[PDB]
Each structure stands twice: as structure tokens, then as C-alpha cells.
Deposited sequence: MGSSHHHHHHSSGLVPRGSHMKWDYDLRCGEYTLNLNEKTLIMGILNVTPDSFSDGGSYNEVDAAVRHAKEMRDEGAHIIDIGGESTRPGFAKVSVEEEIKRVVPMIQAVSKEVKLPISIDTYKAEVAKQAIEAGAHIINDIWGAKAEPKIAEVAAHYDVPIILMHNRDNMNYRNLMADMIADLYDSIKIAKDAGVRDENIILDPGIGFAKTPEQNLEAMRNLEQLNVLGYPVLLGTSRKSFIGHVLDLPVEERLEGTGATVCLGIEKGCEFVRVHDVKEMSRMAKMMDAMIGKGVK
């Protein structure tokens, strides 16, 4: 039970009533801004909003800014929903919050560019710290993830990030072998000891294919399974591609566990 709300500027996400669904949002001849790109992005944001999403996830440094900023301007204007920027770069994160993004989403947990934590602290936005490393050489998988995530928190907190603006992510499908991904899934509740909300990103990932022997477009039931087990282990967010399907699955879980 959370004694606070996730504060994202205009919108506020309660962490107790339901599992929050973060939808993953989708051009040559262009460096960024086109009518085809930004319109296709808006149609997708609109659709995801209609089918249950609570957050929209939008994700060459000069290029990244000129691609992603126009998309954030449009979607935040036209879809009444908090937006997260999927970057590990300090400068891109700044840009995106300027252009209207509400939440930062760092796949390197402030280790790639520590200054990103300083960006987060400054704009007073929620930051997702995902587990990652440049190797798969674990002494004890869970004990090391928790160790590594903790170092991400230290960087965030030293930078002035408030406890309430910190969300953790086990980084499934990162620096982990098929068997190590399943181990983290099996032991996800361990992350709860750190005292922070947890986000789970497993949608359509490679290890589902390893188990089911099924290609990326055939991983819906597999995704569902990982979402269900994640919610049962106390996840606050799930980052999925199939918003309609996962929303229903999340909703039925919530009823059963009594969230």
C-alpha cells in the first residue's frame, strides 16, 4: 500500500487502485517532424488511450531530439495522458520535458549519463531506473540486481531525486540469458524490499520466444503470463505493446488479488 500518489504535473497516478498500463508508442526522407510520422504516432496514442493505457511511452543525439520532440508536442496536446520519454541521455530528457513529457524512462538507471538524474531532479519528474550492465557475469542474480539497482538510486538521490519520484525496473531482457530472465520473473517480489514502485517491461521479449518457440508477432499469451505473474508479485506498472489485451488481463488479476 502506497501512502503517496505518483505526481506527474497535470496528471496524478494512484498506485493502489489498479495496475497502471504503460503503452509503447510506435520515416525516411526526413530528419524529424513529418506529417506521416507525427500523425501515425498520434493515431496510436489515441488508440492506446481508448483501449486502457494510463501512460504513453515515447522512445545520434542531434537526431533523437529532432525526431522525438515533435512527437511529444503533438501527443501531449491531443491525448489527455501522462507521457514518458524513453532515453538514457541527459540532453534528450531535458528537451522532452521541455516539449511536454511527464516522466523520464532510463534503460541505464542513471549509469550511462549521471547528469540525467540532475535533469530529473531539476524538473521534479518521476524517473524509472532500469537494471542494466555491460556483462552477464553474476555471482547471485537477484542479489546483484538489487545491488545494481541500489547504485542507480544512490546516483538519483545524490542528484536530488525525491524518493517518491523513483520507480524501479528489473530490466528483463537486459544483460540476462534466457534462463536468467525466467529467474528474475520467478523472484520479482524481492525487488519490493527496496521500498519503491516497480515497473515490469517484458512485452514480446526474446525469452518468451525461447520458451514458447514463437516469433515476435506470436507472443501475446506468453506476454500475458509474464504480466499476470508480475502483478501477482506486486508490480505497479506494466509496459506493453498490446494495450487492449493486457488491460483486461491486468484488470482481472487486480480483482483476484484484491487491489
property: Missing stretches, numbered from 1 on the deposited chain sequence and kept in order; result: 1 to 21, 48 to 50, 84 to 94, 295 to 297
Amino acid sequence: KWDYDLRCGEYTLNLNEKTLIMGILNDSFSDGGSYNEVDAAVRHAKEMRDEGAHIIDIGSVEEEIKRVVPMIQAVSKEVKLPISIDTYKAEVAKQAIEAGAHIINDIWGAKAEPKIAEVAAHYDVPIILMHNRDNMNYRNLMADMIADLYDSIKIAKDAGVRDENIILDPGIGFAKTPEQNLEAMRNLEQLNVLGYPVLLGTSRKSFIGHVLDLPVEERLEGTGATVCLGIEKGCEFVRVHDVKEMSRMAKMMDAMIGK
From here on, numbers count along this sequence of modelled residues.
{"item": "At least a third of the other entries leave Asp31 unmodelled", "value": "yes"}
{"item": "144 to 152 versus 92 to 100 - greater average Cα B-factor per the deposited record", "value": "92 to 100"}
{"item": "Selected stretch [higher average CA B-factor]: 69 to 77 or 102 to 110", "value": "69 to 77"}
{"item": "Given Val119, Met130, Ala175, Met185, the residue at which the Cα B factor reaches its maximum", "value": "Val119"}
{"item": "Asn192, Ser206, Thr226, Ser34, ranked by C-alpha B-factor: the highest one", "value": "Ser34"}
{"item": "Within-chain third of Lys233 by Cα B-factor, per the entry", "value": "lowest"}
{"item": "Modelled-residue ranking by C-alpha temperature factor, third containing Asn14", "value": "middle"}
{"item": "Modelled-residue ranking by C-alpha temperature factor, third containing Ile85", "value": "middle"}
{"item": "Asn135 - which third its CA temperature factor falls in, relative to the rest of the chain", "value": "highest"}
{"item": "Cα B factor band for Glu179 (lowest, middle or highest third within the chain)", "value": "middle"}
